[PDB]
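Data block below; observations after.
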Ligand SMILES: O=P(O)(O)O[C@H]1[C@H](OP(=O)(O)O)[C@@H](OP(=O)(O)O)[C@H](OP(=O)(O)O)[C@@H](OP(=O)(O)O)[C@H]1OP(=O)(O)O
Ligand SMILES: *P(=O)(O)OC[C@H]1O[C@@H](n2cnc3c(N)ncnc32)[C@H](O)[C@@H]1O
């Protein structure tokens, strides 16, 4: 199954996953292409934040679905 | 460009964009709240000329939406455009602002619009907008068109930049740099990146190459790539070229892009809206239909719908149904949206206006400069969640009463308005966001009730010249005054009933005494506008201990975020980690730089070490011991001393006048930029090889080369002048500005020789020589300590740093950097602009109402946005997490256990009490970072027979202390199960 | 002898010492020289709680698993109250130029530990005048992959789940203090086995031997740190004969290359310095009272 991860600043990342995979493994797959540690990344789907310990089937993620990667900022 | 005022903005826009911003005229129509916000943001941005236009007159209803009018203006019935002209021009004296009042109608001659370059329309009937849009887009060149409106809690934005628009920078992110490892003479060729470090590229992008050995034909060319693997990609045919030897650097190339727009009349039948909430992707079309139906109704009846009149709602619903089937996509009709739009058609919500104004100002900047990717083509923001949780309120609660809060009352109702006026709110920091939050509070009437209500704002900093660009509450004649007092005085003018208490403290663990737990208990909501993560974490920990809501926000450039924390519902700030700055590896920084940042960091560290640490050590050492003869005697007796060699060496090489300072600077130049290269080459020759045969001086390492001194080069002269001035300042040697001339330096250096390139007894001899020369007086054992000051243009710090960095870069043959980039990198200045701060402040003000109303968990939202794409993401806040330990016992981060003790309570009694009350027994008690009972370490076995009062050593003001505990795991060899913090009371 | 040395020293590997005392105002006064004073004073935040649990778990391992033998040993001291202050003493292995030395380190655990590796600094630099090893800069910085966070390799970083302080100590002792420190520098291992490499290694070894004889035995005996006074006194008392034999052998070996021309002057200078140091070391050892 094919999914897309669109981060802010327009960069698009292509991922291969299968249902039954676990959110933590899905996010660890991101590191192989970005170097971002799993504990440092938040990913959002359909207005909900994907919690750890769940699987894709629970959130009903299907083929060609889009997930966003977001970060907090420090300036003020 | 006077950098002292636009220092922050240049890092975002750029020199070319700022050049294009000047020589630009903008026409702005409709001086409502939204128009005023747009005008304020544009004037702060720095447009050359702005023309504001309006035809109505001030009314009492306008006081609740405009933060520049006054009672006198309403009494005198002045024109709205004229009454605000004077105050707006005060924001920036470099901007020429003019007012106009020519009537707009169907027969107005639109020929005069060709003078301007962008038109922003607000509070205009739809047919006039259609006509103006038709006229503007047909000019040669076309005139940009932007429309914006706010009705109650619903907003609409529209853009049109002509048939074809050109963008010079799609994303605004700086290109990255990659190192080539291998190339193949194949069709197509295959390029393999270095080990690790994925290229992070995508198909279709363009690259250029340089510094390649063997494949010299590829140097300076441009290729289009096709990603194959995370560590490799492909380029064009290379079979006809020489074999690849080694080396190579590829850097991404930016490419202009062309986008297409459509006229307003055509877009009304199938808009290309932008999705902001992916839970309801179909909402924007329904909102568009509802707004169009409202416009048709207003045209038909020449009035807006009255609140509570059901026939108006039925008519509006029928109009919406008629319109919807005519649309190309044929969507459904949302009854709830139409109902609420009818209910609050005559209201006005200030924070939504602020957010829309910020977005519109960013769009105007995009239109005039072409810097970023423009919006295409609609945007529909709304705050329905505020009223969705009210249920079915009565119509009487929304009727106007005849004061300045009529608009807000018509928006949200009387009860929520009254609950707003009794808030006690604590605001941390008074930066760019703080002023906007204060303005929004003043407009909302927060804390204006006589009986209850207060606003507390704390900030220790003072007003600076560069701060006036973003913070509009400050004025040029306010420099070097506390921020909090000025902000309070400015805010009191907007609303006379506001009660603000201002402080000058900095929220930190040292000042915890004044901000005790009773103070936090008194407050109702805490808002932060900080700029560092340590303060954010400390404030979050403090709020977590008293169950108080927290609202947090931050911006950097064109990106921003907001977060909401509510007790018993959501996780705290500390539940997520933040990315720290990556450290440069020590060898790369010290000996093998490969980019300009490494040289800049080296120069900064050299400045710190040479002018701060060493003088401090010298002063401390010579204040530890009274006399130099005493030190000499102690040395002669074999007594060891700490840092004696360094301080005695500094004493021996102490200059005495200006000429010796110049000579010292020359020697420092030689030592820094000549001998290091020779030593490094001597240790590692250019042809040395590793085990596998690869040359040692391969990428990313760059071989160095010595630099010969020459006074004609400006760089050498600048370095010499700055170093001489700094050394003279440190050693307290008087000097005059005439001595800094090139001729004087040439005369001084004409008799100075340069040594060629190749302990206790020496130190004793040098100290004795200093003793016999009467050089050890009290005045000689003193050196001034300097501090880094990046905002001063005459101390010479930045000049020295830039000169050193550029010299070291040329030593390693790297491209130099100018003064401003060096200043930004050295000072770690965060780029900022007014639009993003206004937007995030509006969103935070929106969320504050939901926090006040006590809405359920599903109402709160978090926003992550990047206006450069543009892209906005609304998500639900993180739900609380259950954590268990044993026996089915579970706890959340908001839990806290309590144990009541007495005067003779012992540690064993504490353990037994916890075990009996909660069912499990602790195995380690630690107070903060100071341990109290750990069985492993020696001597703690006997601590079980001690009084807790002695064992804690508390302060009499506090009646309780907080402790952390841990519990033994079920299976040995595993980490102890964490537990909730436990609060211990000394007595009943 | 080795059994007696092991038996005596096993009771001193782990203990606690009083380093920081607090007054009524909460100010901190250090009774011993500490390299990270400023960070301790500035970082007063008590938000960290997982650090306490991690250190409490580690103290279980540190009380029994520290290496201990006649060749090399490790000693650790920690504050009576705080948990983020430690001092480490490591004795140089045998058959190396660092033989029978006493090297002292300073360790500080940051607030966000174990998310970040602890900071380690060398203190036996002889006033920053000596570079003891390619990985031990003369300013005191110890450079290792496990203590750094950079691109590198995923298995060559401080991994919060698996990496531990004991690994840091063992890595330092096993990888930094080796038989031939000259070849730790990459780029030199190509010339291994060549006469030029052998000559350079001999010069480096002579310099390191004289440096350690000066700043690792004599100075430690004369001005021991208060934390490790008893350990040092009992360590040098029990191994005086071996130290004398080793010093005599080192003096004998260096002079074998005094007749060379390329490195003869350096070897002669090193031999003179070593003789001067040994002359005073003999008197210092002879006057050492029995513990
Ligand atoms: O104190 P630091 O900032 O670490 O700089 C020192 C210092 O150079 P300066 O005092 O000229 O800045 C050393 O000189 P001394 O004061 O100790 O005599 C010098 O040592 P050398 O004179 O022996 O070269 C050493 O350079 P190195 O470590 O290469 O020996 C160099 O360090 P950096 O310039 O790399 O900081
Ligand atoms: P931005 O940098 O524009 O504004 C931030 C302002 O907040 C103040 N500030 C920073 N850190 C603190 C703490 N801990 N307490 C109170 N105020 C703080 C800065 O001085 C800026 O004025």
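Order these by the 10 Å Cβ neighbour count, fewest first: B:406, B:904. If you can, show how the numbers build up before the last one.
Numbers: B:406 20, B:904 9.
Lowest to highest Cβ neighbour count: B:904, B:406.
What residues of the range C:158-183 lie in the reach of a label at residue A:39, counting those whose backbone N is under 19 Å from a point 7 Å from the Cα along Cα→Cβ? Taking a point 7 Å out along Cα→Cβ of residue A:39, the residues of the range C:158-183 whose backbone N falls under 19 Å are C:158-168. Using bins of 5 Å that start at zero, the share of Cα-Cα pairs per bin across the range B:684-744 amounts to 3, 13, 17, 13, 9, 8, 9, 9, 9, 6, 4, 1, in whole %.
When you have a sec, figure out the Kirkwood radius of the range B:99-247 from all distinct Cα pair distances and drop it here in Å to one decimal? Write down the numbers at each step before the final one.
On the way: mean 1/r = 0.0490 Å⁻¹.
Answer for the range B:99-247: a Kirkwood hydrodynamic radius of 20.4 Å.
Calculated on C-alpha atoms, the gyration radius of chain C divided by its Kirkwood radius gives an Rg/Rh of 0.99.
Classify the range B:1-144 as rounded, prolate or oblate from the Cα gyration tensor: take a ≥ b ≥ c as the square roots of its eigenvalues, call it rounded if a/c is under 1.5, otherwise prolate when a/b beats b/c and oblate if not. It would help to have the intermediate numbers written out before the result.
Numbers: a/c = 2.30, a/b = 1.12, b/c = 2.05.
Oblate.
Counting every pair of alpha carbons in chain B, the share spaced more than 39 Å apart comes to 60 percent.
Each Cα pair of the range B:582-623 feeds into the Kirkwood radius, which the Stokes-Einstein equation turns, at 20 °C and 1.002 mPa s, into a diffusion coefficient of 184 µm²/s.
If one computes P(r) from the Cα atoms of the protein assembly as shown, what percent of pairs lie at distances over 57 Å? Here the long-distance tail beyond 57 Å is 31 percent of all Cα pairs in the protein assembly as shown. For chain A, pairs of C-alpha atoms spaced more than 17 angstrom apart make up 40 percent of the total.
Taking the Cβ of each residue in C:251, B:386 as the centre, tally the other Cβ atoms inside 10 Å and list the residues starting with the fewest. Display every interim value, and only then the final one.
Numbers: C:251 17, B:386 22.
Least to most surrounded, the residues fall as C:251, B:386.
Taking label positions 7 Å along the Cα-Cβ direction at both residue B:78 and residue B:577, the computed distance is 5.8 nm, reported to one decimal.
Rounded, prolate or oblate: which one fits the range B:432-502, using the alpha carbon gyration tensor with axes a ≥ b ≥ c (rounded when a/c is under 1.5, else prolate when a/b beats b/c, else oblate)? Cα axes put the range B:432-502 in the prolate bin. Shielding of peptide C:49-59 by partners, expressed as the average count of other chain Cβ atoms within 10 Å per residue Cβ, is 6. Stick to the Cα atoms of the range B:678-802, pair each with every other, and give me the Kirkwood hydrodynamic radius in Å at one decimal. 19.5 Å is the Kirkwood radius here. Rounded, prolate or oblate: which fits the range B:770-835 when a ≥ b ≥ c are the square roots of the eigenvalues of the alpha-carbon gyration tensor, with rounded for a/c under 1.5 and prolate only if a/b beats b/c? In terms of gyration-tensor shape, oblate.
In nm, what is the difference between 0.36 nm times the number of residues separating residue B:424 and residue B:671 and their Cα-Cα distance?
Numbers: separation 247, 0.36 × 247 = 88.92 nm, distance 6.19 nm.
Between residue B:424 and residue B:671, full extension yields an extra 82.7 nm.
The slack in the chain from residue B:114 to residue B:620, taken as 0.36 nm per residue of separation less the alpha-carbon distance, amounts to 175.1 nm. Taking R0 as 25 Å, what FRET efficiency do you get between residue B:20 and residue B:251 from their Cβ-Cβ distance, rounded to the nearest 0.05? The calculated FRET efficiency here is 0.50. Computing FRET efficiency as 1/(1 + (r/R0)^6) for residue B:339 and residue A:64, where r is the C-beta to C-beta distance and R0 is 35 Å, gives about 0.45.
Put in line by how crowded their Cβ is, counting other Cβ atoms within 10 Å and starting with the fewest, B:437, B:124 read B:124, B:437. Once fully extended, how much extra length lies between residue C:275 and residue C:258, figured as 0.36 nm per residue of separation less the alpha-carbon to alpha-carbon distance? Fully extending the segment from residue C:275 to residue C:258 adds 4.7 nm.
Rounded to the nearest angstrom and listed largest first, the equivalent-ellipsoid semi-axes of the range B:888-985 from its Cα gyration tensor are 21, 17, 13. Label-to-label distance for residue C:150 and residue B:545 is 4.0 nm, based on points extended 7 Å past Cα in the beta-carbon direction.
The mean count of C-beta atoms from other chains within 10 Å of the C-beta of residues in C:74-80, rounded to a whole number, is 1.
If you take the alpha carbon atoms of the range C:1-91 and fit the smallest convex hull around them, that volume is 113 Å³ per residue.
May I ask you to derive the FRET efficiency for residue B:124 and residue B:461 from their Cβ-Cβ distance with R0 = 45 Å, giving the value to the nearest 0.05?
On the way: r = 43 Å, r/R0 = 0.95.
It comes out at approximately 0.55.
All Cβ positions, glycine included, derive from the backbone under ideal geometry; neighbour counts span all protein chains shown. No value in this document is a laboratory result; all are computed from the given coordinates.
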